[PDB]
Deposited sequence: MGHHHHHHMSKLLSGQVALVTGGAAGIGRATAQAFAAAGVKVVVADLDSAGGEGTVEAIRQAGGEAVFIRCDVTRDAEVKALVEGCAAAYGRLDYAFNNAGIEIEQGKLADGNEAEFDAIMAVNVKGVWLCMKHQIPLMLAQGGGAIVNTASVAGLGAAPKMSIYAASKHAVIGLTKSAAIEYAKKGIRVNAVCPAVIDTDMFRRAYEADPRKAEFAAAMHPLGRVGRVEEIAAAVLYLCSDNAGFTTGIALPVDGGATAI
């Protein structure tokens, strides 16, 4: 069970973000859905509303500080508080081994996957501090825990997400903010293992909700693999 009232999900227009927004709402939480994709983001808000939940869509490019600042202000204006943040927007666009990549790809992946998470947390934390605490979950990857051949920039970016996650967890541990990362392997989304199958968006959402749950109060600074056994070998 979740007793906080408001969650923010970035990248909530599709895939893991949409599923996790829906899961928060089904648990009784008011959800701000943030994304570049306004069509999909309103699609997520409408699915929540048709199921009996509360949700608003706010368009935001997480690479832009002013828009992320406005997004967290929008959370406060819409619902008065922010208890949970799922910083999940990310991209994966590489086509080759490290020597065959280009600087445009590097810049784009790092901007969304690292700067986006950093900016989001940078603006979420003061609002959570004002309320006496909160819980943040960042989407890393099994590529944040080991090699990702032909996705070396992506792996660098998801490693970096774990570094931000652990550092913020320690910095704000005594201030009521928990910070964790979920580390999916291959998940059946549009961006698309010892168990012999790929994972499902509902399985990532369930892990995010565990990390945000009332009885996860002692869980902070971890990178939770949801990976069908991939990192165990």
Deposited residues without C-alpha coordinates, grouped into stretches that follow sequence order | 1-11, 204-220
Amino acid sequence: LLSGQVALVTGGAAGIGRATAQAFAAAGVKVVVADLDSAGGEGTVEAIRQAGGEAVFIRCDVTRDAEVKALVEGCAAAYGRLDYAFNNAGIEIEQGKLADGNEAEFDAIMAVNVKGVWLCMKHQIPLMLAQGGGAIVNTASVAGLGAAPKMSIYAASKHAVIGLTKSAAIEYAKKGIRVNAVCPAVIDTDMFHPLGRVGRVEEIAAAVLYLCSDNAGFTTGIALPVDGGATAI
From here on, numbers count along this sequence of modelled residues.
Stretch exceeding the other in mean C-alpha B-factor - 180-188, 44-52 | 44-52
Quick one: say whether 26-34 or 163-171 has the higher mean Cα B-factor in the deposited entry.
-> 26-34
Member of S157, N102, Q131, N88 with the greatest C-alpha B factor (per the PDB record) | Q131
Can you tell me which of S152, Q124, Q95, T139 has the highest Cα temperature factor in the record?
-> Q95
Select lowest, middle or highest to describe the third in which the CA B-factor of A135 falls within its chain in this entry.
-> middle
Check where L209 lands among this chain's C-alpha B-factors and tell me if it's the lowest, middle or highest third.
-> middle
Position of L224 among the chain's modelled residues by C-alpha B-factor, lowest, middle or highest third = lowest
Select lowest, middle or highest to describe the third in which the CA B-factor of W118 falls within its chain in this entry.
-> lowest
Sorting the chain's modelled residues by C-alpha B-factor, tell me whether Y79 ends up in the lowest, middle or highest third.
-> highest
